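As structure tokens, the structure follows; a few thoughts come after it.
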Amino acid sequence: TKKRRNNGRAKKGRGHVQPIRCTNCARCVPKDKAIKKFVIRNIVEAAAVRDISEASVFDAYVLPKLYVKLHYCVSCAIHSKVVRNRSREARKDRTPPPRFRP
Amino acid sequence: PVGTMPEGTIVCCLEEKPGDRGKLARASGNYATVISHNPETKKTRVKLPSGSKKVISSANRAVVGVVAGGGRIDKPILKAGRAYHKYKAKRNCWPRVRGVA
Amino acid sequence: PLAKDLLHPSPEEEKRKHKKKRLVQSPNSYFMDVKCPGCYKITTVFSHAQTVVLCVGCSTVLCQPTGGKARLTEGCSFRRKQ
Amino acid sequence: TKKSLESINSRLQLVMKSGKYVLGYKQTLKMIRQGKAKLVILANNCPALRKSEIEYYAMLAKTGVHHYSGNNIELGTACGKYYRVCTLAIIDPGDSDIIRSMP
Amino acid sequence: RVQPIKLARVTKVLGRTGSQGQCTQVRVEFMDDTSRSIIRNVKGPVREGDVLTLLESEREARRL
Amino acid sequence: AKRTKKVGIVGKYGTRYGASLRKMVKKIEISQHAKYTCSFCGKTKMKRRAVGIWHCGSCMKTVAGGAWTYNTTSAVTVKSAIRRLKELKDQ
Amino acid sequence: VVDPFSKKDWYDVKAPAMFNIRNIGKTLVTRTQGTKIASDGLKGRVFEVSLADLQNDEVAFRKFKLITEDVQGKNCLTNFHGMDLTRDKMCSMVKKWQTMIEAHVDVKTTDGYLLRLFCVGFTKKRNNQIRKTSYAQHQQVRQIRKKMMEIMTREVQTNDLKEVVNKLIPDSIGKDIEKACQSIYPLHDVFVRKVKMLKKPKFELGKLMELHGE
Amino acid sequence: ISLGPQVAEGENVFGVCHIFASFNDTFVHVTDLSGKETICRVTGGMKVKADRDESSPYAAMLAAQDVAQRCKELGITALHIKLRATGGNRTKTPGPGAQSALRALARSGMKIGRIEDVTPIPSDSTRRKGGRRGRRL
RNA sequence: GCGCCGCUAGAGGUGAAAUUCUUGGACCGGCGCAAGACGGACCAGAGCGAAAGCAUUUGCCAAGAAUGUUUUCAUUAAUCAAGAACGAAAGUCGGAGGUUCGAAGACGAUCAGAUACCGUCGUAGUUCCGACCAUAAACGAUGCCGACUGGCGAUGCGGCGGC
Ligand SMILES: [Mg+2]
Ligand SMILES: [Zn+2]
Ligand SMILES: [Zn+2]
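Next comes the structure, spelled out in structure tokens:
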């Protein structure tokens, strides 16, 4: 049976997209099947914030962030639990999950 | 001189000692690349056409480029008569009997 | 909309369609009169013009051809005719 | 190498269709020593002492020399014909502005 | 190298952990200021608000 | 006419020397026997003299070229990088 | 058995006179034992220093390079080598749904200091803009990029290296290509991304000692 | 008194410290301001005898202890941080011995200046050692 | 990869480890140079192309759709046996090149066994030019041309009108 209307991929008006390679297992995936995740992790590991700002040579130092783009094959996106298997009618929404930062 | 041309240049007919008037990479199609100048204790290294890197003088005089006549070993001799004329002009070595026979 | 009286449309609905696809087809072009500043010569240049039209005596540039409808060069006196 | 070398060889074929000119070495040599040649064009292929004296009479006739970046078989097709021509002189351009270009 | 074996009072207990229900995350405070507070884990039962003594004070928390 | 269908220039060797060896020769052979366009006069008169030696029927100019073709691609790759190293850094 | 840090000594590294703070730091080098003298061992040392510990207020995401070209006893005098941005700034400003344009040009000064200038720029989302993609078109990209490299080809070929590196402590070049391109498409993160060094003019000793004067 | 710089009480000297925190190991190499003269390189794999724990954060913790207890022992007193991942062809996130090597360098008496991630990011080059279906554990 | 410096005994790689690299000083840090590949992030249910496919900047050359058109010719059209053109990757022949990766093969492991997964190395191959082969889950698993038959927001390219 055809499972999904797009074929798991966001290509419509093309014939071919670039292959990129998975981050953890280095598997060859197209650029628009690959599960992207952009990580804006602060480099300081927030438990270790009030141990370096007192050891700083300033009084208010802007701690640099780290900006690493991840992208995954879906055999390693499901195993690492960055995406989850969903029900057959909760599948037709492209909205992302909420943030819940504080 | 090889001490003045920059690195990665393509060189034929270079002296292996200063004054030798050209000994290395003289056959057809051959060339040598310069790499790694050393301005103190003036001596450069080159890359011989056998893949051997060899240190030479800085003042070994040498002609820029590759030797004319390259690709000569891409055509087969293809019959015994054209190997006869090939070595008739060089030496007396061509009909080589196997030592087993 | 089962009962659109599609033989007598409003001219508001007639204006905002294609120049084909109308109940009776008709162009969006017109002819326009242009007074170049400094002569008697009204020119009768076409609206969606394609050539660089020049004036007869005061032979500066009159209009410029562009994408659909011709960019007039000078802010000059102007009226749509017929 | 992409858009606009149709300033040189497309204004040159416009003179070819409209204006008047001579092709060849010794025809331009006649035209440049009696002044009637307005602009001479030399090909990249032309021999170095032939180039050196066509420039030298245009120093004397006070006319322009253009060095067409291209072969003499390339300048012949840029004329629009099946010759090879190193040197030409246009002696009456039609209405284009090869003279009133860059030189 | 040589650390004082530093004691610490606990704020809110962060529930069980340790894959068998054996370890409790506790978030201690270091008895000298309430600004300095690391999250750590003990085994055995806790009673929120008591005092426990770290043999070495700062190693790691539970995160992958 | 289409007097042969595959061998071409190496039909002169006949049934001899192999199938791949004759196919190897007919590339080199149509290249050393060709008339090449002269870069110096424009006339397609570059005929090969001895191996490595290329000469004009008209303007009479002798060029040191390749063994079987006028430009060895190893040699033209050199000339592209020599003039690069000449203008870059200026020795 | 022997300690290699007893045969060494600490010099100190100076900035050119156009910066406010002049004393960069303290490198170290071994002492002379025969061949290895203590003046070729530290020429060509690159000191990657930012503006914020080299000016009184200026930003931290912009660093310079400062090759060593002379030793004057304990002093270790430097000259400009290049600049680039920090990478956290460099990829904070690369966001989706905007066209990034970049240009590069090889311009030498009037002082004989052939440089290669790297500039970026990002198209700007407006203040009432409702549509998501603030993309430029490709011919708008090409005429911005021609406008970017034309302006910096001016203001480096104007005069010597000294006023050129002094031009991009505040980065008035990025302000200049900002104001002169926003009647084509508005741009909002427009920096000279990197300056790379290609030539050195013979090392006149008088020119460097001009740079460590008043 | 051949060891030590010429500093007063209040002034501090800077050197950069490279945290190459990959998997399988971690490097807490510290050097001068030019990066050319090594002051103290010690490695988390040189202070464990386990070979699982070369890339532990506890190895990077006490390697950062030793490199700070030698740095301050010399006379260099404050450090720039130049944290790396493997980068280039491999992964571009740092390993487990990044944050522990940074915090142990701050708890054990050392001052910290400009910090920056300096890992190699390519402009799309150099096909990666996995094959096409990757590695299949 | 190779030079020249700096400091030190490990570095690498794994679920573990080993084969392996290393005080003729490896990895690491710096400055350089060379070479061959490849164009990241921007990069999207965006664009172009007949399909395969196409992403660094400027620049010779030829093409093209859509739109605009009160221009032109006046059925010149549709689909198409035969017969052609192009067609991923792998593959073949020949020459350049050979960084990375890597069939085959060698070894180290793991295993009852491992001719597999995993690791170290590595041939052909992967890159370019020329000549071939003409096949793919060449898939939207939907031939092309034509018309009619709901709604709504958005997008890409033109054109028109307005605070
Ligand atoms: Mg024999
Ligand atoms: Zn994966
Ligand atoms: Zn000739």
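Chains as they are written, first to last, in the entry's author numbering: chain Sa, 2 to 103; chain A, 103 to 203; chain Sb, 2 to 83; chain d, 7 to 109; chain Sc, 5 to 68; chain q, 2 to 92; chain SB, 21 to 234; chain SO, 15 to 151. C-beta atoms are modelled at their ideal positions from N, C-alpha and C, and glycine is treated no differently.
Beta-carbon proximity check, residue i vs residue j, cutoff 8 Å
i, j, result
"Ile179(A)", "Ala170(A)", "no"
"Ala54(d)", "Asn78(d)", "no"
"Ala27(Sa)", "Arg142(SO)", "yes"
"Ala95(d)", "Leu45(d)", "yes"
"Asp29(SB)", "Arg51(SB)", "yes"
"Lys32(Sa)", "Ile44(Sa)", "no"
"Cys115(A)", "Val165(A)", "yes"
"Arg66(Sc)", "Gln29(Sc)", "yes"
"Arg20(Sc)", "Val32(Sc)", "no"
"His56(q)", "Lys44(q)", "no"
Any chain SO beta carbon closer than 8 Å to residue i
i, result
"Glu62(Sc)", "yes"
"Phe25(SB)", "yes"
"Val66(SB)", "yes"
"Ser57(Sa)", "yes"
"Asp52(Sa)", "yes"
"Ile36(Sa)", "no"
"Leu48(SB)", "yes"
For residue j and residue i, believed in contact at Cβ under 8 Å, the rounded distance
i, j, result
"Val81(SO)", "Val44(SO)", "6 Å"
"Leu97(SB)", "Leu228(SB)", "6 Å"
"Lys83(SB)", "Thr106(SB)", "6 Å"
"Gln118(SB)", "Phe142(SB)", "5 Å"
"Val58(Sa)", "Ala92(SO)", "6 Å"
"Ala64(d)", "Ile38(d)", "6 Å"
"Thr173(SB)", "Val125(SB)", "5 Å"
Short CB-CB distance (under 8 Å) between residue i and chain Sa
i, result
"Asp108(SB)", "yes"
"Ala65(Sc)", "yes"
"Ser59(SB)", "no"
"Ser70(SB)", "no"
Inter-residue Cα distance where the pair is residue i and residue j
i, j, result
"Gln33(q)", "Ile60(d)", "37 Å"
"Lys93(Sa)", "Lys47(Sc)", "46 Å"
"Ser16(SO)", "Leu11(Sc)", "42 Å"
"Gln113(SO)", "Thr133(SO)", "15 Å"
"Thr34(d)", "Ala84(d)", "18 Å"
"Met108(d)", "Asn15(d)", "14 Å"
"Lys36(Sb)", "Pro66(Sb)", "18 Å"
"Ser192(SB)", "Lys182(SB)", "15 Å"
"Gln26(Sb)", "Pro2(Sb)", "23 Å"
"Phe28(SO)", "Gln20(SO)", "13 Å"
"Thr52(SO)", "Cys85(SO)", "11 Å"
"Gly58(Sb)", "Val46(Sb)", "16 Å"
Any C-beta of chain q under 8 Å from that of residue i
i, result
"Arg106(d)", "no"
Min CB distance residue i to chain SB below 8 Å
i, result
"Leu88(SO)", "yes"
"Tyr68(Sa)", "yes"
"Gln20(SO)", "yes"
"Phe28(SO)", "yes"
"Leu97(SO)", "no"
Contact with chain Sc by residue i, beta-carbon distance below 8 Å
i, result
"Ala61(Sa)", "no"
"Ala48(Sa)", "yes"
"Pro136(SO)", "no"
For this session: Using a Cβ-Cβ cut-off of less than 7 Å, give me the residues of the stretch 73–88 of chain SO that come near chain Sa, in sequence order.
Result: Those residues of the stretch 73–88 of chain SO that come within reach of chain Sa (Cβ to Cβ, closer than 7 Å) do not exist; the list is empty.
For this session: Report the residues of the stretch 173–191 of chain A with a CB closer than 7 Å to any CB of chain q, ordered along the chain.
Result: The stretch 173–191 of chain A vs chain q, Cβ under 7 Å: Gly173, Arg174, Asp176, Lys177, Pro178, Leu180, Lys181.
Exercise. What residues from the stretch 77–102 of chain d come within 8 Å of chain q, judged by C-beta to C-beta, listed N to C?
Worked result: Closer than 8 Å at the C-beta level to chain q, one finds these residues of the stretch 77–102 of chain d: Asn77, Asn78, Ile79, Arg90.
For this session: Report the residues of the stretch 47–60 of chain SO with a CB closer than 9 Å to any CB of chain SB, ordered along the chain.
Result: For the stretch 47–60 of chain SO, which is checked against every Cβ of chain SB, the residues closer than 9 Å are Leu47, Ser48, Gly49, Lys50, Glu51, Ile53.
For this session: Check each residue of the stretch 40–60 of chain d: if its Cβ is closer than 7 Å to any Cβ of chain q, include it; give the result in chain order.
Result: Residues passing the 7 Å Cβ filter: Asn51.
For this session: Below 8 Å between beta carbons is the criterion; list the residues of the stretch 85–97 of chain Sa that meet it against any residue of chain SB, in chain order.
Result: Listed by position along the chain: nothing, the set is empty.
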